[PDB]
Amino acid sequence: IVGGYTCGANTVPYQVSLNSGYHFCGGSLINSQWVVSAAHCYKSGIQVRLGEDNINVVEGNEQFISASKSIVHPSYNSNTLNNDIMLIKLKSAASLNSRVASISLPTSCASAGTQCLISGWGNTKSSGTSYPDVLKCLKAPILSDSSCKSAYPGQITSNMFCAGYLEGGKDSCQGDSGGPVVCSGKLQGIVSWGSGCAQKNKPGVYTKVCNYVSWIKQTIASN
C-alpha cells in the first residue's frame, strides 16, 4: 500500500496473509473455513495466516492454518486477468473472535464514488521497494466505468473496476494482491492489477466481487 497509513493491530480482522515461507499475497476471510483471494496468487503449499499485524514477529492472536483446497475460477484468464478470483478452504476452521472475523459478501454492486478500505502488506513505495512489517490501510473511492476504461482501454472487463486516485500517490501495490477492498462493510473488490503503483492516471484495478457471489456460494456449498 502506497500513501496509506498503519491500520493498527487487528483493526482489519478479515485480512489474511498468504505465506509460502514468506508473505506473497493477501486474502479475505469470508467464513470460518473460507478465504477469498486472487486467482493469480495460486500456488501449492499455501499457509493462511490469520490475526496478523506484524507479519515478521509472533505477537499473539495469530492462527496459521494450511490451505486444504485452493480453487481458481475455472474461467480465469492469466493473460487478461479476467475472473481473477480464487477460493481457499482452510484445513481446519479458524477460531473467530474480535481479532479474527469474517467480512460480508455484497448483496449488490457498489457505485462510483463509494469510499472503500484497501489493506495489505505490499510495497509502500511507488518507486523502488519497501515492505512493511505491519498492516497498511488506504481509503479510496471507486471510479466510474468511463474513467476506468479511459485509463486502461480494451482491458477492463465487466468483472473489473478501478479504485483510487488519478493524481497519483495512493494505491495498492506488489504484495497486496488478493487482499480486500471493503466498502460499507461488504467485500466489493480483490486487489488484482495496475500499471505500476500510485502512478498518475493509472488507478488500481480490482476484481468485481459482486459478480461472483453466486459462484462463491455454489462453490463453497459443493466443497
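One rule holds for the numbers: they count along the sequence shown, beginning at 1.
- Mean CA temperature factor is higher for 151-159 when stretches 151-159 and 28-36 are set side by side in the entry.
- For the segment pair 185-193 and 166-174, the entry gives 166-174 the higher mean B-factor, averaged over Cα atoms.
- Out of 102, 119, 83, 146, the entry records its largest CA B-factor for 146.
- Note on 125, 136, 89, 73: the highest value goes to 125, judged by CA B factor as recorded.
- Remark: residue 198 belongs to the highest third of its chain, ranked by C-alpha B-factor as recorded.
- In this PDB entry, the Cα temperature factor of residue 113 sits in the middle third of its chain's modelled residues.
- When the modelled residues of the chain are ordered by C-alpha B-factor, residue 56 sits in the highest third.
- Among the modelled residues of the chain, residue 221 sits in the highest third by CA temperature factor in this PDB entry.
- Annotation for residue 142: C-alpha temperature factor in the lowest third relative to the rest of the modelled chain, per the entry.
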